[PDB]
């Protein structure tokens, strides 16, 4: 079975635990690592070429960048950097998390995720989200509490790790039902805003 260690990093309170826990089987089969203060969630996705397992490392704590225990980053094969679109400080720390990550994990695929986009009073909008462009990374809006775009980071990483740009997920994993509403018109506007930001200098 093909499995990949995915480190999920970002400021405390950005929604990392809420996000990973959406995957019900990854939550029921999670593994606690006492020496590193981490819960490892085994997240299976079913692709058109079979199952892929992301073993997602979610810190139990509220660590600053640079403050995770030695071992957390070892043998990571991919990563998600998360910030909170309602908190500008957490986006301004994205470069610090990226620096912390590549210090130990030299050349791994990384997705940048801006969480809590269900909250209407959004502070970090598409026009301000540029770090992924400067570092040639992929970015997605997500809402952990509504499952909005849950599969997007994993599909992007799966394609990079398997070397197959046409890889697809044949079905969504069983997810905890949405706890908040993600307005479909808001999602469409945000997706449009990101496309416009990308197509201009």
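Residue numbers count along the first chain shown, from 1.
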Checklist entry - Would 131-139 or 59-67 have the larger average of its C-alpha temperature factors, as given in the entry? => result 131-139
Next on the checklist: Using only C-alpha atoms and the B-factors in the entry, which stretch averages higher, 38-46 or 162-170?
Outcome noted: 162-170
Next on the checklist: According to the Cα B-factor stored in this entry, which of the following is highest: 24, 181, 9, 20?
Outcome noted: 181
Checklist entry - Lowest, middle or highest third: where is residue 116 by C-alpha B factor in its chain? => result lowest
Checklist outcome for this item: Sorting the chain's modelled residues by C-alpha B-factor and splitting them into thirds places residue 72 in the highest
Item to check | residue 108, C-alpha B-factor rank within chain (lowest, middle or highest third) | outcome: middle
Next on the checklist: Among the modelled residues of this chain, does the Cα B factor of residue 94 put it in the lowest, middle or highest third?
Outcome noted: middle
Checklist entry - What third of its chain, lowest, middle or highest, does the C-alpha temperature factor of residue 79 fall into? => result lowest
